[PDB]
Amino acid sequence: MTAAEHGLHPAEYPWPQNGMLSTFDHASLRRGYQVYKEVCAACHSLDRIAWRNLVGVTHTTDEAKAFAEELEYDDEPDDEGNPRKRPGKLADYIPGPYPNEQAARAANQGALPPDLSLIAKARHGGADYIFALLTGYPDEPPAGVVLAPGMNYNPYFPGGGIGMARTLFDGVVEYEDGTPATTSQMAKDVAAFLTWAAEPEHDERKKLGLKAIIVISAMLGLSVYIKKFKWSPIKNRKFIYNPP
Amino acid sequence: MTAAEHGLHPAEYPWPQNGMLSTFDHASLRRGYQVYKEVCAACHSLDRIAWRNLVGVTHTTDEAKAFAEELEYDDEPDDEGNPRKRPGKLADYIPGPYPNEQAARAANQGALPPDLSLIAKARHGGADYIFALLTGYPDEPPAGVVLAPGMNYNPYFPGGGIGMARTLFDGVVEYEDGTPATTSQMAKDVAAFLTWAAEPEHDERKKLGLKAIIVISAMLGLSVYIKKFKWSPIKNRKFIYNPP
Amino acid sequence: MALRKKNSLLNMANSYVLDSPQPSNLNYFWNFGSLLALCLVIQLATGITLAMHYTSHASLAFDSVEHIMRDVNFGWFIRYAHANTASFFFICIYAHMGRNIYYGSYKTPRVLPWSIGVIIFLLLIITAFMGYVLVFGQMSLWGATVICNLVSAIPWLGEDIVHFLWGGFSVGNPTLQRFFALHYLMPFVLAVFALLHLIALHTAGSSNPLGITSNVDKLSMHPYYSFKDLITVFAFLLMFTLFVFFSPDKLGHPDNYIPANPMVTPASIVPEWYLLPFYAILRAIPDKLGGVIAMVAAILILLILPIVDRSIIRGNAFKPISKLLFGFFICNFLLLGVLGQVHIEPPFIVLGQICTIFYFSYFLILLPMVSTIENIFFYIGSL
Amino acid sequence: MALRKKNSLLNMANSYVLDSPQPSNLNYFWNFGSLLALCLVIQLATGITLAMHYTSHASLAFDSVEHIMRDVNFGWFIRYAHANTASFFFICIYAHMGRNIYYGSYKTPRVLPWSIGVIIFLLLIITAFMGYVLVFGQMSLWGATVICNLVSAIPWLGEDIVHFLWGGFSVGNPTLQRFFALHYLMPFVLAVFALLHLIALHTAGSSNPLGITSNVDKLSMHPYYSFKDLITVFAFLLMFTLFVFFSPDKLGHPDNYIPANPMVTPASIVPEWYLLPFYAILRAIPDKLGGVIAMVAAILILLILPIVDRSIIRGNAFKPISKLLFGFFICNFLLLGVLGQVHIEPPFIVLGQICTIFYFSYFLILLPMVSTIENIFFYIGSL
Amino acid sequence: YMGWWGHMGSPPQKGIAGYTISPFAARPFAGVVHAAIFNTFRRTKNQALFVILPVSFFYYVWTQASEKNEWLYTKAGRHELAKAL
Amino acid sequence: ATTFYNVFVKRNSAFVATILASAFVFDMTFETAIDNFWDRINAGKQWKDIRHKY
Ligand code: HEC
Ligand code: HEC
Ligand code: HEM
Ligand code: HEM
Ligand code: HEM
Ligand code: HEM
């Protein structure tokens with residue numbers, strides 16, 4: 001296949017979480033949630049994430065309850081069996097922008113914006129692909145490229161023509177921690193956030209892995225000593241043969 | 001427990017399907033569907049039965065398609081993602097009178113009319129219980145019985161006080177086959193129909209059982225001959241002992 | 001040398017099903033072992049097939065069983081075969097255990113097959129209990145609730161253990177999904193233990209109804225017991241046919257056709273019939289923990305028969321007093337079963353306590369006394 | 001007599017794990033058998049646990065796997081352990097088979113353990129294929145579609161068989177639910193065959209790297225090989241740890257994190273890496289039925305090694321030409337693997353055909369020729 | 001305690017001659033009517049007490065208990081029920 | 001009897017072939033016989049008996 005059909009391969013960026021012993025940067029995760037909420041969430045759902053999931057990762061219990069309580073969710077029917085709404089709770093999932101696929105496609109010139117909860121695992125490249133894609137819209141398509149109507153040129157996307165236009169521009173978000181919201185900064189934060197959404201066990205997993213590595217290595221060393229100890233009578237055996 | 005707490009035990013009526021070799025009477029099944037549709041279906045669903053299930057049991061393909069096509073069912077959303085309705089198809093399930101339990105209870109003074117698809121298997125007595133209950137509302141409760149509000153006396157129902165009033169009266173239905181629609185006749189037909197709804201494999205099962213009984217019995221007889229044949233040298237063995 | 005003897009794999013089969021030396025006088029009560037193997041094979045075949053159509057999620061479980069009954073080709077048969085064979089499995093296992101107790105199969109040198117047998121019986125109970133929950137009807141839920149709450153009686157940790165078993169704070173979806181996985185597994189464990197008790201038996205061989213050695217007079221397992229097993233196989237299949245095709249719900253509870261409802265409690269919650277004697281024993285002790293201990297002890301006490309039977313003779317064929325005591329023990333076991341499903345009302349409360357005492361006193365008092373006296377009567381009576 | 005020898009049950013364990021007489025010179029390639037047993041135990045433990053949380057219904061399957069990853073305590077670990085151990089199982093099985101081929105373990109008198117071994121390998125492939133479908137992501141669906149459509153090639157009845165396997169007209173809910181039931185069962189069948197090949201081996205004992213008898217010099221299995229097995233167990237656990245904790249998705253396909261969509265076809269539908277050489281063999285033959293036959297023959301041809309190896313000597317340790325041929329055969333097998341996942345484009349189409357010819361010509365031409373000539377060189381060379 | 005064919009673990013046997021005839025030479029159902037009637041009658045008569053006595057006793061116990069329980073939950077049994085609880 | 005034995009019984013290959021062919025015949029004839037008997041004992045009751053009205 002041509003390189004265009006594959007898509008350009010994203011650079012390997014030095015993410016804070018790259019590194020056997022490295023967690024996510026939680027300040028970046030929190031900023032990335034704010035980019036998601038103010039930019040991506042207009043078209044993209046995050047359906048696998050509940051409000052409780054933010055708590056003690058990016059937000060306190062109170063902040064997350066406040067986010068949940070601002071929304072309305074379907075309650076159980078009332079006593080006459082009529083539909084009712086209730087305010088959100090921490091157990092609720094973050095609600096998506098569209099009621100169904102048909103509505104999503106209608107709002108996006110036929111294209112369906114994927115749910116972003118697993119996107120960092122569902123694409124080769126992970127965070128690097130998300131960062132490269134969001135920051136990789138050239139001002140002008142390479143001469144000779146014919147885009148289908150409603151497509152935008154992006155070399156990272158396979159085939160080059162993506163239905164999502166560029167959305168991150170300097171200062172579309174005002175971060176609450178005073179960080180300059182440049183295109184690059186926002187793409188980095190949201191790519192970190194989405195990586196966390198895909199693999200929220202990441203930090204715990206790598207710490208447990210460190211404990212396992214240490215114990216298993218020591219056991220490997222001791223198992224070598226013990227095997228050699230037990231085998232030495234066999235290895236050291238000597239023979240004298242006197243032919244009968 | 002008191003007999004009242006148990007409920008009076010229904011008589012054993014001689015149903016056509018009683019009998020190892022007996023099917024349902026399908027003319028009674030068809031009449032019973034008509035009682036269901038014109039009387040019971042106001043309060044009771046039959047959610048496990050699809051229109052296709054009636055075909056070749058009680059109705060032809062065309063009659064059942066006509067019943068389905070008169071109703072509206074939820075379709076997939078249109079292209080703007082707005083809700084749509086479609087006409088019914090044979091694959092559709094027979095729709096219930098109420099959208100939820102709360103609406104069902106609101107319409108029946110708090111009582112919830114059960115779905116009738118398994119009722120003949122879900123009560124001791126089966127068809128006999130349904131027939132006895134429907135035909136067993138005395139004009140006056142036995143002296144001394146205090147009914148709770150919205151309850152009706154019926155001795156077959158455990159405790160005596162049932163939230164369902166008598167519904168079958170001579171000529172509430174006009175059968176399409178000219179049968180006199182008395183209380184007893186309608187109760188018999190609907191009890192047959194509900195028994196079919198609970199166990200629609202009934203007729204096929206009992207015929208397959210007849211084949212199995214015949215084959216297995218012959219195999220049992222032959223296995224006796226063969227065992228005796230093979231064992232006769234052991235059974236017939238004789239000894240002469242001459243002590244050494 | 002014949003291939004069946006020379007090749008090590010064939011020779012293993014040969015040793016168990018063909019050249020296996022059997023007593024020449026086994027009666028029809030030695031046929032329950034092969035019926036139990038048949039039930040196990042039917043349960044595996046029907047069970048794996050139901051697993052192809054069943055959904056273990058609590059929102060779909062009960063409906064997936066209706067879909068099996070209504071839509072799957074022959075689903076009604078596979079479902080009823082599986083449900084009724086579970087009852088037949090217990091009839092055959094009670095017959096097999098009663099054979100073992102009457103003929104002294106638990107005595108030396110067969111203590112090990114008997115003891116592994118007691119564990120097989122416990123695994124069958126657990127397997128059947130978990131399978132019954134999978135329907136997720138009213139009896140499924142409420143039986144799981146009552147039986148799993150007995151674990152709360154374990155001191156100190158009981159409550160914690162219950163929540164851990166349920167995977168939550170009541171019987172619900174997590175419990176159903178775990179019961180499905182374990183119900184699928186447990187029959188494979190049960191098959192391994194069934195094989196273990198046969199390998200353990202193979203050192204002494206089968207006992208026989210006279211209680212004497214059969215080393216003087218052996219018959220090959222095939223063709224004699226192969227063809228004798230076919231008679232009871234076809235008798236079993238005739239009983240199976242009558243229930244599965246003509247009365248498929250005779251052995252069941254109508255309330256299990258109502259979907260599980262954690263709010264409404266059914267009129268009476270009883271276990272399946274085959275667990276009823278143990279349930280009566282539990283009711284007899286007023287204390288919760290006492291009752292659980294008694295109920296478990298009623299099964300584990302089978303492990304002491306090798307000790308408390310003091311007879312110098314194996315089995316009851318020639319022991320008139322032991323035969324009478326055995327008759328009373330068996331009938332009492334059936335009465336306990338009946339009392340397991342009556343209401344907790346007079347006069348069944350006291351009767352259940354007397355029957356429970358009789359059950360335990362068989363092992364602890366009567367069998368040791370009667371077997372001691374009969375030893376002396378044989379000796380004095382034949383002088 | 002010691003209890004471990006006297007008691008029949010203990011003596012069976014004793015014969016396989018303790019007193020079992022082993023050659024004193026087994027090298028580290030004799031450790032893959034115990035690693036395979038370890039993989040099997042991990043897959044049973046993790047698999048049964050995932051079954052407690054997984055839902056086989058197509059509307060819930062993919063989400064039940066997300067629930068395992070996100071909500072179940074340590075669910076991420078159990079899921080990644082199960083997924084990565086499936087790959088480790090195939091690395092160990094290829095190593096075990098390569099050991100067997102290099103050292104002549106298929107030669108008399110070990111034809112029977114080798115032949116049952118070939119069936120174990122087929123059952124592992126089926127087990128792993130069905131388990132991969134259970135995720136119900138894009139690769140799950142589309143891999144099931146293309147692999148199950150190969151059955152359509154069976155003449156006359158092929159289409160009917162496919163619809164029968166699917167339980168409908170395409171891969172859907174019925175197929176997923178039946179794959180769950182069979183995926184749960186197949187590992188138990190695989191464990192039985194693994195036991196059968198060991199019992200078959202026990203008649204000759206283990207071969208050894210020199211290819212000579214070890215009857216002159218035996219060592220007990222315990223403690224020597226018990227402690228030598230611990231070294232590779234801990235080496236395996238270190239590799240396991242690096243994948244499961246530090247790179248859990250390295251061996252997977254990102255498309256399996258997209259829910260199955262029968263409309264959209266993924267860019268490239270490839271099997272899991274361990275099936276890739278067989279897929280390359282299938283692509284090499286242009287005919288559909290031809291390709292399926294070739295692919296199956298590529299596994300079944302292992303059954304003829306006992307015949308086509310004409311050597312008077314067991315194994316390759318002393319055979320320089322056989323060692324070179326074996327090296328080329330193994331590397332060709334890896335190249336076929338790589339070609340299984342390239343696009344069907346020049347020049348890989350022809351290269352795949354040449355590698356397929358080389359694969360088959362090893363069994364049919366080269367090994368019979370080389371083993372014939374080496375027999376003559378040993379004889380003439382040592383005169 | 002059990003050997004195998006050729007060394008089963010029997011004490012030495014001597015002096016017994018055993019005779020039998022081919023299954024094809026015999027009538028498998030010889031004497032079946034006599035057996036079915038007289039042999040079954042003898043075998044059943046000799047075991048009858050060991051079944052009848054416990055069955056009849058436990059059935060009587062049940063019958064008395066079930067009849068009392070039924071009576072206690074009638075109007076007539078009100079007072080006796082009140083005492084029993 | 002000798003002839004019958006010699007052709008159909010003596011060789012097990014022939015005996016098994018005869019048994020399987022008979023099983024095929026039995027299966028097809030028994031099906032038809034039961035179907036007719038079932039229809040006679042349940043006459044007027046089955047859908048096929050009332051179908052003509054509709
Ligand atoms: C108003 C529309 C819109 C906004 C705003 C938007 N997207 Fe998208 N996005 C889409 C559409 C439409 C697609 C589908 C494009 C296609 O498949 O052609 C898409 C696709 C994607 C993809 C997948 C591309 C692929 O490989 O399939 C990722 C990742 C993505 N968006 C992330 C984001 C992030 C991160 C943001 C903002 C911070 C964002 N999107 C903002 C409309 C939007
Ligand atoms: C307008 C209301 C209404 C109509 C009409 C009606 N039912 Fe009911 N039915 C109920 C209610 C309410 C209950 C629940 C009563 C209770 O549990 O107290 C009920 C209960 C039942 C029960 C179960 C009683 C039990 O054992 O739990 C059966 C069977 C039944 N109905 C059948 C029928 C049949 C058959 C018809 C008509 C041919 C019918 N019903 C007509 C309202 C109705
Ligand atoms: C000893 C073997 C077994 C016993 C005693 C047993 C017992 C039972 C019982 C009592 C039920 C409840 C039946 C009902 O009322 O509907 C049941 C259900 C079930 N069993 Fe088993 N079972 C066994 C083996 C198996 C096996 C091996 C499987 C393989 C998965 C299995 C799968 C099921 C399934 C899916 C259900 C639920 C569907 C249904 O109720 O029919 N069973 N089992
Ligand atoms: C899955 C359940 C079981 C199967 C398939 C099974 C199978 C068998 C078989 C085939 C035999 C040899 C033939 C026979 O005597 O009937 C046997 C013997 C025996 N079984 Fe079981 N059995 C099972 C459960 C049990 C249980 C629960 C016990 C004990 C509590 C038990 C104890 C014995 C004993 C003691 C023997 C030896 C009896 C003798 O021959 O004297 N078995 N079993
Ligand atoms: C030889 C043993 C086994 C092998 C090679 C094996 C292989 C696999 C594979 C490759 C998958 C796909 C994993 C993924 O990518 O997510 C899988 C999934 C699964 N396996 Fe197994 N498996 C084995 C044994 C078992 C057993 C015994 C069970 C018991 C039920 C089981 C239950 C499951 C379940 C529920 C899943 C789906 C959830 C998931 O994807 O993790 N497996 N298996
Ligand atoms: C679940 C998969 C398997 C397990 C658990 C397993 C286990 C074992 C074990 C423990 C041994 C003895 C120790 C050793 O030599 O490594 C062994 C030997 C053997 N296995 Fe396997 N095995 C499996 C699959 C296979 C396969 C797929 C084959 C063949 C295609 C095979 C063929 C053999 C042979 C021929 C031997 C004897 C080798 C010798 O000692 O010379 N096995 N296996």
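Chain letters run A, B, ... following the sequence lines, proteins first, then strands; residues in each count from 1. Because only heavy atoms are used, hydrogens play no part in the values below, and waters and symmetry mates are left out as well, while side chains stay in.
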Taking atom [atom1] of [X] and atom [atom2] of [Y], what is their separation to the nearest 0.5 Å?
X         : Y         : atom1 : atom2 : answer
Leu182(D) : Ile48(C)  : CG    : CD1   : 8.0 Å
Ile126(C) : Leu122(C) : CD1   : CG    : 6.0 Å
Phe243(C) : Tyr80(C)  : CZ    : OH    : 14.0 Å
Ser64(D)  : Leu134(D) : OG    : CG    : 9.0 Å
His53(C)  : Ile68(C)  : NE2   : CD1   : 7.0 Å
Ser117(B) : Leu194(B) : OG    : CG    : 8.5 Å

Just so I know, are the side chains of [X] and [Y] near enough to count as touching, which here means a heavy-atom distance under 4.5 Å?
X         : Y         : answer
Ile299(C) : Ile125(C) : yes
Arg283(C) : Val342(C) : yes
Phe121(C) : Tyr94(C)  : yes
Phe77(D)  : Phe74(D)  : yes
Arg70(D)  : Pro200(A) : yes
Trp51(A)  : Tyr93(A)  : no
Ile119(B) : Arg123(B) : yes
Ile94(B)  : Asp47(B)  : no

Would [X] and [Y] pass as an ion pair if we require N to O under 4.0 Å?
X         : Y         : result
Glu199(B) : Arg205(B) : yes
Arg84(A)  : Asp74(A)  : no
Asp92(B)  : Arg52(B)  : no

List the atom of [X], the atom of [Y], and the distance in Å for their closest heavy-atom pair.
X         : Y         : value
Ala260(C) : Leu141(C) : CB-CB, 3.7 Å
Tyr257(D) : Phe62(D)  : O-CZ, 3.5 Å
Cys148(D) : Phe179(D) : SG-CZ, 4.1 Å
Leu176(C) : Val133(C) : CD1-O, 3.6 Å
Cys92(C)  : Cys39(C)  : SG-SG, 4.5 Å
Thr46(D)  : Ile78(D)  : O-CG2, 3.8 Å

- Flag the pair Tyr184(C) / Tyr184(D) as yes when their ring centroid distance falls below 6.0 Å, and as no otherwise. yes
- Item | Pair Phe245(C) and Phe240(C), ring centroids less than 6.0 Å apart | no
So, [X] side chain and [Y] main chain: donor-acceptor pair closer than 3.5 Å or not?
X         : Y         : result
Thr85(D)  : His82(D)  : no
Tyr98(B)  : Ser45(B)  : no
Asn84(D)  : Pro248(D) : yes
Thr175(C) : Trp166(C) : yes
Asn256(D) : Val135(D) : no
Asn100(B) : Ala103(B) : yes
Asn53(B)  : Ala50(B)  : yes
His183(D) : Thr127(D) : yes
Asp255(C) : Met139(C) : no

In chain order, what residues pass the side chain to side chain donor-acceptor pair (under 3.5 Å) check against [X], with sequence neighbours excluded?
X         : result
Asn261(C) : none
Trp142(C) : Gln138(C)
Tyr129(B) : none

- Task: Decide yes or no on salt bridge (charged side-chain N to carboxylate O under 4.0 Å, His left out) for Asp79(A) and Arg105(B), but give the supporting numbers first.
- Result: CA-CA 8 Å; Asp79(A) 287 294; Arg105(B) 286 191 190 271; over 6 Å; no
- Task: Run the numbers on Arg48(A) and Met69(D) for side chain to side chain contact (heavy atoms under 4.5 Å, CB included), then give the verdict.
- Result: CA-CA 11 Å; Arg48(A) 310 193 181 275; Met69(D) 297 309 285; over 6 Å; no
- Message: Using side chain to side chain contact (heavy atoms under 4.5 Å, CB included), reason through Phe89(C) and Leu40(C) one step at a time and then give a plain yes or no.
- Response: CA-CA 8 Å; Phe89(C) 216 141; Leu40(C) 186 55; 3.9 Å; yes
- Task: Please say whether more than 12 non-hydrogen atoms of neighbouring residues, nucleotides or ligands are located less than 6.0 Å from CZ in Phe188(C).
- Result: yes
- Task: Mark yes when over 12 heavy atoms from residues, nucleotides or ligands other than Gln341(C) sit less than 6.0 Å from its CD; otherwise mark no.
- Result: yes
- With sequence neighbours excluded, give me every salt bridge (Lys or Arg N to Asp or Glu O under 4.0 Å) pair touching residues 177-194 of chain C. none
- Task: Could you pull out all residues at least two apart from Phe180(D) that satisfy ring-ring contact (aromatic ring centres under 6.0 Å, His included)?
- Result: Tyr54(D)
- Message: If the condition is side chain to side chain contact (heavy atoms under 4.5 Å, CB included), which residues does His67(D) pass it with, not counting sequence neighbours?
- Response: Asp71(D), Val72(D)
- Message: Parallel, tilted or perpendicular: which one describes the rings of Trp273(C) and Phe90(C), with boundaries at 30° and 60°?
- Response: perpendicular
- Message: Checking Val296(C) against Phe278(C) for the side chain to side chain contact (heavy atoms under 4.5 Å, CB included) test, could you report, in this order, the C-alpha distance in whole Å, the side-chain angles of both residues, the deciding distance, and whether it holds?
- Response: CA-CA 8 Å; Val296(C) 166; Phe278(C) 307 107; over 6 Å; no
- Can you find a side-chain donor-acceptor pair between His57(C) and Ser59(C) that sits under 3.5 Å? yes
- Kindly indicate, with the supporting measurements, whether the criterion side chain to side chain contact (heavy atoms under 4.5 Å, CB included) is fulfilled by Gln177(C) and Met52(D). CA-CA 5 Å; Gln177(C) 301 205 285; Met52(D) 295 177 173; 5.6 Å; no
